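build the 3D model from these lines:
(2 chains)
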Amino acid sequence: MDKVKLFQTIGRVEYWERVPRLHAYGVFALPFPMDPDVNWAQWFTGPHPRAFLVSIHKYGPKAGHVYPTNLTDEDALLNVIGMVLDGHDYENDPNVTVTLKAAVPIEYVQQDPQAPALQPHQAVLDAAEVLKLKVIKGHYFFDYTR
Amino acid sequence: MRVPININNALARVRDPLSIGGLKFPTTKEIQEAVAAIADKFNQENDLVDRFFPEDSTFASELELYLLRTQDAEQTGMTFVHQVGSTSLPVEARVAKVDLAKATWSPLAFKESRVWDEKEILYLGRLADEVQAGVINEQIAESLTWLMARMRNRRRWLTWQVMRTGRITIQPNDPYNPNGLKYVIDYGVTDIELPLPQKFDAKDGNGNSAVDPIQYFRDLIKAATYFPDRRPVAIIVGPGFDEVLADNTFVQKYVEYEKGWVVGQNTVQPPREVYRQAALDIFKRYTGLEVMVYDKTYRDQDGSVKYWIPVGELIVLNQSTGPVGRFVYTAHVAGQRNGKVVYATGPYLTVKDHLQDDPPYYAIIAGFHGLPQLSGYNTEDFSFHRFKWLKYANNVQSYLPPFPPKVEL
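Residues are numbered from 1 along each chain as shown, chains lettered A, B, ... in the order given. Let me share the structure:
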C-alpha cells in the first residue's frame, strides 16, 4: 500500500477483422476527394469495423469532394455514390477509396460515428429506398454505377 | 552482557576477616564453595522463517515486473446453412485483445548507534579483582555481537510479520520505533485467514462438539480442486494439537471406527491418552496433510512464556512446502575505494574512533537496507494463495504444563 504497489493494468489494445463483403457479388471502387469541412477523424475512431454511406457534391465550389451522408438533407440523400468499407487516415490522405458496388451486412453499416457498432442502424433501414439500398437478407445490396 | 566480576576472588572475599562473636575464641570449620548460572532457557529464537525466505541481494533499489497477457479469439462459430445451387455468404468478425501490468517494490532502511564517553573508557575495573584499565576492550565486543543479533532479529521480525498478517505494519506506538515512521506495506495476500465461526474445541450440551476438523480440511481440498494452487499440502502447528483432535466428538468417532472400539461390545472405554496417541496419525492418513510441529518460545514483557505459533492457531501452506519468495537486501554506501564511491550489500557495522577529540569518545554504528519480497504470483488473476492462517481452538493453555517464573536474582 505504501512501499510496494501491486500489479495494475496499464494498456489495452484490441484488434478486429475487416468488414466482410460477398465474394459472389463483386467489388467496384473509384477514389474520391475527401471533403475537408467534415470532421473526418471522428469517423475513423474505434477499433470496431464499420462502413458508412458517402454522398458526392454534384456542383458548387467543392464539386467532386465526397462527405459522409447526412440523413436529414435530401440534396445529400439523392446524390449518394457509395460506402467506405475498410477505414482510412485523413491525417495522411484526403483521397479515400469509395466502394460503388458491393454487398455488406446490415450489422456493419453505421451512418453515425457515435452509433453503437455491431448493431444495425435503424435510420439507414428507414431510409433504405431513398438511399437505394435493397435489403433481402442481413446483407445489403447496392450498385450506384447503374 | 555479564557483570565484570572475578568469581574466585569475590567468592573468597566474603569470608569473615576477624569476627570472634560466638565462643570468644576462633572455632574450627570447613568451607566448600560453588557458583551458579542463571538464565531463561525458554527464550529461543524464531528459527522457522529463515528456513523459508532465502537471502539474495540486488544493488539496485527498486524492482518492477511487467506481465504481458494475451487473449486470442478462439475458433468459434458454426458453418452457415443454405440450399444447393445458391451463392455463399461471409462470416462475422472476431476480436483478440492484449493487456499489460506493472509491479513495484521498494526497500527500507535501518541503523542504530552506541557511544562510550571518557569516564567509561578510562575507568573500568573488575568488581573483585584488582587489574589495569583493560575491561572496556572486552566490553565493546559484546556490543558488537549484540548489534549483529539485533539486526538478525529485524530480518526475522519482518519475515515473521509478513507470514503472520500478510502486510507489515510499523507505527509510532511500537516499542522499537523512536522515529515513528508509519508503514503499511500491503503484500496483497488474497485470503489471509480461514473462517471458523464455531471453533474446533467448542462443545454444546453434553460432550457433543460443533464442527469437524478432518472434514473441514477435506472440503477445503475439495473446494480448491480447479484452483490447483489453493489446495493445501502442509500444516505447521506448534503447541499441543493432539488433544484438540482427541476431545472433540467426530475425531473420537473416527478413531473408534478405525480401531473398532465400540464402547459396549468390544472394550469398556479407551482412555483419552490412547486417543491422542493415534488421533494425529489417523488425521494425517485420512487427509494427507503432512503436519509439522514448531514449538519454540519467546519470553515477552508479561513474564509469561508464549509460543511462536500462538496456541489455538495453525498455519496452512497452500501449494507446496518451499520458499515463499525471498528476503532481499539492497545496497548501502561504502566510501571511495579508488577515488569514486563503491557500494556494499550486506548488513554493515562501522566503528569510529574519537579517542583523540575533546572529550575522547567512541561510537559503533550498524544497520542495513532490505525488505522481503514474494516471488511467485498468480498469472491470469493477480492473487497469491500460498500460506493461510486459521484459529482452531480457544482453550489450549489448559492442555499444557505450566511454565517457570524468571529468576530475578
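
next, the buried residues of stretch B:111-131.
Across stretch B:111-131, burial judged by 16 or more other CB atoms under 10 Å in any protein chain shown covers B:114, B:116, B:121, B:124, B:128. (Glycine included, C-beta is placed from N, CA and C.)

quick one: which of these sit in strands?
Within the buried residues of stretch B:111-131, no residue falls in strands by DSSP state E.

mind checking how far the residue nearest the centre of chain A is from residue B:155?
The residue lying closest to the centre of chain A (CA atoms, centre = their mean) is residue A:52, at 2.2 Å. According to CB to CB, to the nearest Å, residue A:52 stands 66 Å off from residue B:155.

which stretches in the stretch 101-250 of chain B count as strands?
Along the stretch 101-250 of chain B, the segments classed as strands by DSSP state E, counting those that start in this stretch run B:108-113, B:168-170, B:183-185, B:234-236.

tell me how far the ends of stretch A:64-84 are from each other?
16 Å (CA to CA, to the nearest Å).

for that stretch, buried residues please.
A:65-69, A:71, A:76-77, A:80-84.

now render those as JSON lines, adding secondary structure.
As requested, the buried residues of stretch A:64-84 are arranged in JSON lines below (DSSP: H, G, I helix; E, B strand; the rest coil):
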{"residue": "A:65", "secondary structure": "coil"}
{"residue": "A:66", "secondary structure": "strand"}
{"residue": "A:67", "secondary structure": "strand"}
{"residue": "A:68", "secondary structure": "strand"}
{"residue": "A:69", "secondary structure": "coil"}
{"residue": "A:71", "secondary structure": "coil"}
{"residue": "A:76", "secondary structure": "helix"}
{"residue": "A:77", "secondary structure": "helix"}
{"residue": "A:80", "secondary structure": "strand"}
{"residue": "A:81", "secondary structure": "strand"}
{"residue": "A:82", "secondary structure": "strand"}
{"residue": "A:83", "secondary structure": "strand"}
{"residue": "A:84", "secondary structure": "strand"}
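
quick one: which two of those residues are the most distant?
By the measure CB to CB, A:65 and A:71 form the most distant pair in the buried residues of stretch A:64-84, at 19.1 Å.

contact partners for residue 6?
If you meant another chain, say so; for now it's chain A. Counting by CB atoms under 8 Å, 6 or more residues apart in numbering or on different chains, residue A:6 touches B:103, B:104, B:186, B:188, B:382.

that's the other chain; I wanted chain B
Residue B:6 makes contacts with B:126, B:127, B:128, B:129, as judged by CB under 8 Å, 6+ apart.

picking that back up, report the beta-bridge partners for the residue nearest to the centre of chain A.
residue A:84 (DSSP bridges).

roughly how far does it sit from chain B?
Distance, residue A:52 to chain B, using CB to the nearest CB, to the nearest Å: 16 Å.

chain A: strands as residue ranges?
Along chain A, counting by DSSP E, strands occupy A:9-16, A:28-33, A:52-56, A:66-68, A:80-84, A:95-102, A:134-135, A:140-143.

let's have those strands in a markdown table, adding distance to residue B:199.
What follows is the strands of chain A, written out as a markdown table (distance: least, CB to CB, whole Å):
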| stretch | distance to residue B:199 |
| --- | --- |
| strand A:9-16 | 40 |
| strand A:28-33 | 77 |
| strand A:52-56 | 67 |
| strand A:66-68 | 70 |
| strand A:80-84 | 70 |
| strand A:95-102 | 73 |
| strand A:134-135 | 70 |
| strand A:140-143 | 70 |
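
tell me which residues touch the nearest residue to residue B:349 once chain neighbours are set aside, please.
Leaving out its chain neighbours, the residue that sits closest to residue B:349 by CB to CB, 6 or more residues apart in numbering or on different chains is residue B:366, at 3.9 Å. Listed by CB under 8 Å, 6+ apart, the contact set of residue B:366 reads B:111, B:112, B:147, B:148, B:150, B:151, B:347, B:348, B:349, B:350.

got a list of what the closest residue in space to residue A:43 that isn't next to it in sequence touches?
Nearest non-adjacent residue to residue A:43, counting by CB to CB, 6+ apart: residue A:113, 5.1 Å away. Applying CB under 8 Å, 6+ apart to residue A:113 gives the contacts A:42, A:43, A:45, A:52.
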